[PDB]
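**Q** In PDB author numbering, the protein residues as written are 1 to 207. From the three backbone atoms N, C-alpha and C, an ideal C-beta is built for every residue, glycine too.
Right, here's the structure in full:
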């Protein structure tokens, strides 16, 4: 499957793509404002994620740091990124269908649209100014808006027991972005697409 990753932000981002225990494609790349990077993701990929990283520095070997979404200091991510990270999430070719969503469960750093480029389903978007409107207690000094689990480490926010409800914090993310997961047991906003669809992830789709 192809994913075209497009940076419409006025700032550089370092895109990342991983399934948690391995890179997808090269795993990461710099995208200046306006740049597009197309990656190939193997059919059947389960639990894949794409995200943006901000304010990164890498040496000539591809080792460094990002202020949001850092994946063990690598340019080419093999693992998931450090919150806060707006997440484009997907599982492909699962009994004949693809499943896509956007999640704020690990916080929000950069606005995103995640849409099919092929027929048969709709896209999802979280493009509100979540960083600007972020509750004081969730603001990440390093940049972005943390989820409450990251900040407070409670069973209720982290849904550790599989028994949690919505919270004042989850409701903030849900109010700003109804079409993204705001906590683990949120009413799903997952979209079912034809198996083997192709996609575009656009950072800063509205600005």
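1. What's the gap between the Cα of residue 87 and the Cα of residue 49?
2. Is residue 119 helix, strand or coil by DSSP?
3. In this structure, how does DSSP classify residue 105 when only helix, strand and coil are distinguished?
4. Would the beta-carbon of residue 24 fall within 8 Å of that of residue 45?
5. Check whether the region 3–10 touches the region 27–34, taking contact to mean three or more Cβ pairs, one atom from each stretch, closer than 8 Å.
6. Indicate whether the contact test is met: 3 or more Cβ pairs, each with one atom in the region 115–123 and one in the region 188–204, closer than 8 Å.
7. Tell me residue 89's beta-bridge partners as DSSP assigns them.
8. Kindly identify the DSSP beta-bridge partner or partners of residue 79.
9. At the level of alpha carbons, what is the spacing between residue 175 and residue 21?
**A** In short:
1. Taking the chain shown and counting its residues from 1, the one referred to as residue 87 is at position 87. Taking the chain shown and counting its residues from 1, the one referred to as residue 49 is at position 49. Going from the Cα of residue 87 to the Cα of residue 49 covers about 6 Å.
2. The residue labelled residue 119 in the question sits at position 119 within the chain shown. The answer is coil: DSSP assigns residue 119 none of H, G, I, E or B.
3. Here residue 105 is taken as the residue at index 105 of the chain shown, counted from 1. Residue 105: coil per DSSP, three-state reduction.
4. Position 24 of the chain shown holds residue 24. Position 45 of the chain shown holds residue 45. It is a contact, given that the beta carbons lie within the stated cut-off.
5. Three or more Cβ pairs closer than 8 Å define a contact, and the region 3–10 meets that threshold against the region 27–34.
6. yes
7. Within the chain shown, residue 89 is the residue found at index 89, counting from 1. 49, 101, per the DSSP bridge assignment.
8. Along the chain shown, one-based indexing puts residue 79 at 79. DSSP lists no partner for residue 79.
9. For the purposes of this step, residue 175 is identified with residue 175 of the chain shown, where counting begins at 1. For the purposes of this step, residue 21 is identified with residue 21 of the chain shown, where counting begins at 1. Residue 175 and residue 21: Cα-Cα distance of roughly 32 Å.
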